[PDB]
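The chain contents come next:
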2 protein chains.
Amino acid sequence: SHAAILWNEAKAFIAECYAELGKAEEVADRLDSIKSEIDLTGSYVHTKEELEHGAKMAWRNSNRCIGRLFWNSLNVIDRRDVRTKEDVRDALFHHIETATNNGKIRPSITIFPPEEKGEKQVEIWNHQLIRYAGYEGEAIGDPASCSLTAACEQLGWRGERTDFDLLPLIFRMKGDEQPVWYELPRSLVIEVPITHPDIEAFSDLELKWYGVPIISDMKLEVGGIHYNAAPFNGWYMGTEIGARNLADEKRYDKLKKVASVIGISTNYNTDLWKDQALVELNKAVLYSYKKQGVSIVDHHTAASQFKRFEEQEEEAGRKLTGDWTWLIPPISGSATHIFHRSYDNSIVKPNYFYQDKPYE
Amino acid sequence: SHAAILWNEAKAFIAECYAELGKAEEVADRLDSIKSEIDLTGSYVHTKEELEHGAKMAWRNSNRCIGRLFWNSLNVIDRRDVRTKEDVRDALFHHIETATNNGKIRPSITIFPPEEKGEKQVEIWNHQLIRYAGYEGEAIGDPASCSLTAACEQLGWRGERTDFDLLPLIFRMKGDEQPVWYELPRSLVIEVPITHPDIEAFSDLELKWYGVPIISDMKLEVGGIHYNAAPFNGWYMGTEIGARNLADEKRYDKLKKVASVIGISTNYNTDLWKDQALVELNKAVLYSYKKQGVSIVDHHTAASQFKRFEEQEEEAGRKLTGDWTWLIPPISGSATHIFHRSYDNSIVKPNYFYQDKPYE
Ligand code: HEM
Ligand code: HEM
Ligand SMILES: C[C@H](O)[C@H](O)[C@H]1CNc2nc(N)[nH]c(=O)c2N1
Ligand SMILES: C[C@H](O)[C@H](O)[C@H]1CNc2nc(N)[nH]c(=O)c2N1
Ligand SMILES: NC(=[NH2+])NCCC[C@H](N)C(=O)O
Ligand SMILES: NC(=[NH2+])NCCC[C@H](N)C(=O)O
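Residues numbered from 1 in each chain as written, not as in the entry; some residues may be left out. Chains lettered and ligands numbered in written order. Heavy atoms only, no water.

Per the deposited record, the coordinates in this entry were obtained by X-ray crystallography to a resolution of 2.6 Å.

Listed below in structure tokens is the structure:
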């Protein structure tokens, strides 16, 4: 049945793919070659073109992404040729460098070899290429990274135990029972120390965050083909860091410390200090990144841009899908157009899906 | 089939009602009397007790209400005896007085006669007993009240055309083709002029809001019986006014004027002035109402209290239902526990439902 499903997805994708590319005549011929290939080998190989667009389509269909407007500008890096851990490491190191782009982040994606007989050719363990390690006795670092950190320590890695230890790249090549790790070169990673434009004391918090959010634990499904290893990246949206990463109680939880440095009390809820702390924290984030020349975007510009997206999909005769619960910024939800409209949360392929974590 | 549905709902309700009241033995007897009554007349009459609890249960099952913790403290006022427009008017005037309670608002509900043969005995037009009128040329008042305002003007009512004109009570008695209106006595309505604790200039905005949000356009369904007229009220939650009523672009839209008086620019989104304006506006709301002795609650205390609710339903063996999209405050969603947990948005009776508006 796996040989049946693949064919079906393949039919829909190729057709839809070529129609968008304006190559409807080449659909019959290609589908025939694909049919033979699924018999001959048991699967098929996308063309640099198909795969590139397949990855862009997958972005456009990512219900939870608010930055979908730049879907067609995605820079696809095809690394389906990698055979060794050295090839993967270099590939990954390159993704970070090319994406980072000295601050002018480039929404990129490295396409690693897909699953063969349901077996993985490359298996990336990291949630994000760049991510901070988390530990416990009392909370040190990113709690969200507890599980993986221990998995890395079980393989010989050891962190200096600071709140911002950079986890190493960790993956497993087909044929190997365990994965291998590689420490990240400090010169490749851009970090941004957080400061405030009007409050000079904000630096006493000694906060900071990496510049590029490269999600590496998701499977890109493009027409029956499963690319479990396909790291992608956009640029950050202020709130992701100021509201979730740093303010969540289960994350860095700096709201109280922040409220303290802004000279406000934490006595009563009715003073809405948490809210005030959140705003000030997010002004700091947007200002820091910008001062350093690293790309970031605020939730309003992001909502504004997403609205343009909604209009362009319409103008192209494409139904729009989205997850309301994930699309509204965790800060001032009702101040954006997204809060006042409903969305169709339906799955459409190609897309990006979660997958069972190797550790844990 | 209407005589069949009624019986079925009735069975489930009585059982579930008496089990909660600890009167399981009286279920058989009551159900028999109810059966005869549905044959004899075509429907049945709840006891003061049944109806009271039925209305409290309906609150507990209101997926969108964050203040469900005080569900069992609801003050039910049974006015199923009203026969005239004078009886309704007085009933309504009383609900406002008893609910208002000089600022110490009382979560109340007036139970008006239910629908007979699907026909309404009393039909309230107002969205809320107390609500501001809205007009157009340029926006004057509450835009959300445009439709109803015109409906009132078509019946002889005329507003002074200020941003806060109090709409009259408007309803229709069975037998009458058109509804009748009654102006609200200024002494009955409590209003709260908005001011800021640290910013003395906030009063130049000349903002204000009524004290009690009495929702009057919803049908209370309790065991097959439809009470289309059953005005209910709780107390406000700061955000309802500061974030939605006053800040929504489609409502009063005062964010820019607010940002102006707090001495901040509206030049760039990256300064997050909207967010800052929202917070300051909500601090003003909570502070105003409190300074005047009128009950209100902030979104944190509200989330905190709702969490206690979640635990008590559990401790009582009752499945919890809720609408995530409506439960999270439009201000700092991710700072409350509600943002980090999912809810089962399933309909459970008794409950409150929307109904087609008479005007429009
Ligand atoms: C160009 C910049 C982009 C911006 C402003 C942006 C922003 C966002 C934000 C705000 C989220 C929510 C993340 C969270 O709450 O954890 C999100 C999720 C997501 N984005 Fe984007 N994104 C961008 C680029 C990308 C790229 C390049 C891809 C794919 C090629 C993409 C794929 C996705 C997917 C599938 C999710 C869901 C992630 C998850 O559920 O964990 N985004 N996006
Ligand atoms: C004791 C104070 C209460 C608080 C803090 C409270 C708060 C809330 C809030 C914040 C909303 C959202 C309203 C909106 O966004 O438009 C809501 C909705 C609702 N509440 Fe409550 N409430 C209270 C009392 C009540 C009472 C007394 C009842 C019924 C007896 C109730 C029934 C409902 C219903 C059905 C809705 C949905 C309204 C709609 O969808 O338009 N609430 N509640
Ligand atoms: C599942 C999780 O606890 C929560 O419900 C959601 C909702 N909204 C979100 N929205 C975004 N953008 N990102 C998130 O992590 C979440 N988490
Ligand atoms: C239907 C409406 O436009 C919007 O989607 C919702 C969502 N969340 C809400 N939440 C609350 N509490 N109240 C509301 O009016 C709404 N409106
Ligand atoms: N802008 C993006 N592409 N975001 C992807 C998710 C990043 C994730 N929220 C983080 O905080 O690291
Ligand atoms: N606390 C309540 N019971 N709210 C009911 C809804 C009130 C409505 N949101 C208003 O702004 O008038």
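Colleague: Help me out: how do you make sense of the overall build of chain A in this one?
Modeller: Regarding its fold elements, chain A presents ten helices and 16 strands. Rg of the C-alpha trace for chain A: 22 Å, near the compact-globule value of 21 Å for 360 residues, within the 12% margin. Dimensions of chain A, computed from the C-alpha atoms along their principal axes, are close to 70 × 50 × 35 Å. Out of the 360 residues belonging to chain A, those deemed buried represent 55%. In chain A, 67% of the contacts between residues at least 6 apart in sequence involve partners at least 24 apart. Carbon together with sulfur atoms contributes 48% to the accessible area of chain A, which is approximately 16,400 Å² in total. If the 43 positive side-chain charges of chain A are averaged to one point and the 56 negative ones to another, these points end up 0 Å apart. (Helix = DSSP H or I, 4+ residues; strand = E, 2+ residues; numbered from the N terminus. Rg over C-alpha atoms; globule rule 2.2 N^0.38 Å. Buried < 20%, exposed > 50% of the residue type's maximum accessible area, 1.4 Å probe, protein only. Contact = heavy atoms within 4.5 Å. Areas by Shrake-Rupley, 256 points an atom, 1.4 Å probe, with all protein chains shown as cover. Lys, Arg positive; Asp, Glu negative; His and termini not counted. Charge placed at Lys NZ, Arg CZ, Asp CG, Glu CD.)

Colleague: When you look at the site of ligand 1 in this model, what are you seeing that I'm missing?
Modeller: All names here are of chain A. Around ligand 1, the surrounding shell holds 19 residues, and the nearest of these are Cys65, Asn233, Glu240, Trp326 and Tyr354. At a separation of 3.5 Å, a nitrogen atom of ligand 1 approaches a polar side-chain atom of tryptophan 59. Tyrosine 354 is positioned with one of its side-chain polar atoms (N or O) 2.8 Å from an oxygen atom of ligand 1. Residues that form the shell around ligand 1 fall into these classes: 13 nonpolar, four polar and two charged. (Near = heavy atom within 4 Å. Polar contact = N/O pair within 3.5 Å; in protein donor to acceptor, adjacent residues only side chain to side chain. Nonpolar A, V, L, I, M, F, W, Y, C, P; charged D, E, K, R; others polar.)

Colleague: Sorry, what's going on with the coordination of the iron atom of ligand 1 here?
Modeller: Four donors placed tetrahedrally around a metal ideally meet at 109.5 degrees, and six donors placed octahedrally ideally meet at 90 or 180 degrees. There is one protein donor for the iron atom of ligand 1, and it is A:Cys65 (SG), at 2.0 Å. Locating A:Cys65 in the fold gives a position in the loop between helix 3 (48-60) and strand 1 (75-78). (Donors = N, O, S within 2.8 Å, 3.2 Å for Na, K, Ca; no water.)

Colleague: Could you clarify how one ought to interpret the pairing of strand 11 (residues 219-222) of chain B in this entry?
Modeller: Consecutive residues of a regular strand have side chains that alternate between opposite faces of the sheet. All names here are of chain B. Burial along strand 11 is two-sided: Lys219 and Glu221 facing one way and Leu220 and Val222 facing the other are all buried. Pairing between strand 11 and strand 12 (residues 225-227): three bridges, direction antiparallel. Residue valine 222 lies in a different strand from strand 12, and its bridge partner there is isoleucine 225. Counting the residues in the hairpin turn of strand 11 and strand 12 gives two residues, including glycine 223, whose phi is positive at 65°. (Pairing = 2+ DSSP bridges.)

Colleague: Honestly, the domain arrangement of chain A in this entry has me stumped. Any pointers?
Modeller: A common way to report how large an interface is uses the accessible area buried once the components associate. All names here are of chain A. Once the domains are mapped, chain A shows domain 1 (1-80 + 107-117 + 219-233 + 303-327), domain 2 (81-106 + 121-190 + 354-358) and domain 3 (191-213 + 236-301). Here the C-alpha centroids of domain 1 and domain 2 sit 26 Å apart. Listed by partner, the interface residues are 21 residues for domain 1 and 19 residues for domain 2. When domain 1 packs against domain 2, the two sides together hide about 1,600 Å² of surface, and 56% of this comes from carbon and sulfur. (Domains from an automatic or database assignment. Buried area = accessible area lost by both parts, 1.4 Å probe.)

Colleague: Teacher, can you tell me more about the environment of A:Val285 here?
Modeller: Residue and element names in this part refer to chain A. With respect to the helices and strands, the residue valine 285 is situated in helix 8 (residues 273-291). Along the primary structure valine 285 and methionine 237 are separated by 48 residues, whereas in three dimensions their C-alpha atoms are 9.4 Å apart. Non-local contacts of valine 285, meaning those with residues more than four positions away in its chain, are made with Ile194, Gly238, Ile241, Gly242 and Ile296.

Colleague: How should I be thinking about the sheet that holds strand 16 (residues 351-353) of chain A in this particular structure?
Modeller: By way of backbone hydrogen bonds, the strands of a sheet pair with one another, either parallel or antiparallel. All names here are of chain A. Spatially, 12-11-16 is the arrangement adopted by the three strands of the open sheet, whose pairing is antiparallel. The open sheet terminates on both sides in strands that have one partner only, identified here as strand 12 (225-227) and strand 16. Put simply, the sheet's adjacent strands are angled 30° from each other on average, direction ignored. (Axes fitted to C-alpha atoms, helices over the stretch in contact; angles between N-to-C directions.)

Colleague: When you look at the side chain of A:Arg89 in this model, what are you seeing that I'm missing?
Modeller: With respect to the secondary-structure elements, A:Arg89 resides in helix 4 (residues 85-100). At 2.7 Å, the side chain of A:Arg89 and the side chain of A:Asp90 are in polar contact.

Colleague: I'm lost on the site of ligand 3 in this one. Help?
Modeller: Around ligand 3 lies a shell formed by A:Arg244, A:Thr325, A:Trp326, B:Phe339 and B:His340. Those chains with residues close to ligand 3 are chains A and B. A:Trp326 places a polar main-chain atom, nitrogen or oxygen, 3.0 Å from a nitrogen atom of ligand 3. Protein burial of ligand 3: of its 400 Å² of free accessible surface, 62% is covered by the chains. Class assignment for the residues of the shell around ligand 3 results in two nonpolar, two polar and one charged.

Colleague: Help me understand the pattern of salt bridges, please; the structure alone is not making it clear to me.
Modeller: Pairs can form between side chains of opposite charge once their charged atoms are near each other. Residue and element names in this part refer to chain A. Per the stated rule, a full pass over the model turns up 50 salt bridges over all chains. Measuring nitrogen to oxygen at the nearest pair gives 2.8 Å for the salt bridge that ties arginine 251 to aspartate 142. Residue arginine 251 is found in the loop between helix 6 (238-245) and helix 7 (255-261), and its partner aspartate 142 is found in the loop between strand 5 (140-141) and helix 5 (146-153); the two are separated by 109 residues along the sequence. For the pair formed by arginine 251 and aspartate 142, the shared burial category is buried. (Salt bridge = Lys/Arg side-chain N within 4 Å of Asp/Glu carboxyl O.)

Colleague: It is not clear to me how the pairing of strand 11 (residues 219-222) of chain A should be interpreted in this structure. Could you clarify?
Modeller: Pairing geometry for strand 11 of chain A and strand 16 of chain A, over three bridges, is antiparallel. Across the sheet, residue A:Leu220 finds its bridge partner in strand 16 of chain A, namely A:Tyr352.

Colleague: I would appreciate a short explanation of the relation of the copies chain A and chain B in the present structure.
Modeller: Superposing chain A onto chain B requires a rotation of 180° together with a translation of 0.0 Å along the rotation axis, leaving an RMSD of 0.0 Å. Each copy turns onto its partner about a two-fold axis. Both copies present the same face, since 100% of the interface residues in chain A are matched by interface residues at the equivalent positions in chain B. (Least-squares fit on C-alpha atoms.)

Colleague: How do you make sense of the packing of aromatic side chains when you look at a structure like this?
Modeller: Here a ring pair, both rings aromatic, is described through the centre-centre distance and the interplanar angle of the planes. Applying the stated criterion to the full structure yields 28 aromatic pairs over all chains. Where A:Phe306 meets A:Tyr343, the ring centres are 6.1 Å apart and the plane angle is 45°; that geometry is what we call tilted. With A:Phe306 in helix 9 (residues 299-314) and A:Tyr343 in the loop between helix 10 (324-327) and strand 16, this pair connects stretches of sequence that are 37 residues apart. Here A:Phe306 and A:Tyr343 have matching classes, each one buried. Aromatic rings pair up to connect A:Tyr132, A:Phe164, A:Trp209, A:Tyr210, A:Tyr236 and A:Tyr252 into one cluster. A cation over an aromatic ring shows up here: B:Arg89 above the ring of B:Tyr182, its NZ or CZ 5.1 Å from the ring centre. (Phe/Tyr/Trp six-rings, centres within 6.5 Å; stacked < 30°, edge-to-face > 60°. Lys NZ or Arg CZ within 6 Å of the ring centre and 35° of its normal.)

Colleague: I would appreciate a short explanation of a negative patch on the surface in the present structure.
Modeller: Residue and element names in this part refer to chain A. Taken together, the side chains of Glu25, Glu26, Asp29 and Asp32 make up a negatively charged region of the molecular surface. Within the fold, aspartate 29 resides in helix 2 (residues 26-40). Classification of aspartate 29 by relative accessible area gives exposed; the value is 54%. (Patch = residues over 30% accessible without salt bridge, like charges linked within 9 Å, V, L, I, M, F, W, Y side chains within 5 Å.)

Colleague: Can you walk me through the interface of chain A and chain B in this structure?
Modeller: Every contact between the two is made by 31 residues of chain A and, on the other side, 31 residues of chain B. Together, the buried faces of chain A and chain B total about 2,600 Å²; carbon and sulfur atoms form 60% of this surface. Broken down residue by residue, the surface that chain A buries against chain B is led by A:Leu272, A:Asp275 and A:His300, which jointly contribute 19%. In this structure, the connection of chain A to chain B is made through zero salt bridges. Listed by contribution, the elements that provide at least two residues to the side of chain A that touches chain B are helix 6, helix 8, helix 9 and helix 10 of chain A.

Colleague: For this particular structure, what's the right way to read the sheet that holds strand 6 (residues 169-173) of chain B?
Modeller: Residue and element names in this part refer to chain B. The strand order across the open sheet formed by three strands is 3-6-7, and the pairing between neighbours is antiparallel. In the strand order of this sheet, the two ends are held by strand 3 (122-124) and strand 7 (180-182), each with one partner. The mean angle between the axes of side-by-side strands here comes to 30°, regardless of whether they run parallel or antiparallel. Across the sheet, helix 4 (residues 85-100) touches strand 3, strand 6 and strand 7, and the angle it forms with strand 6 is around 145°.

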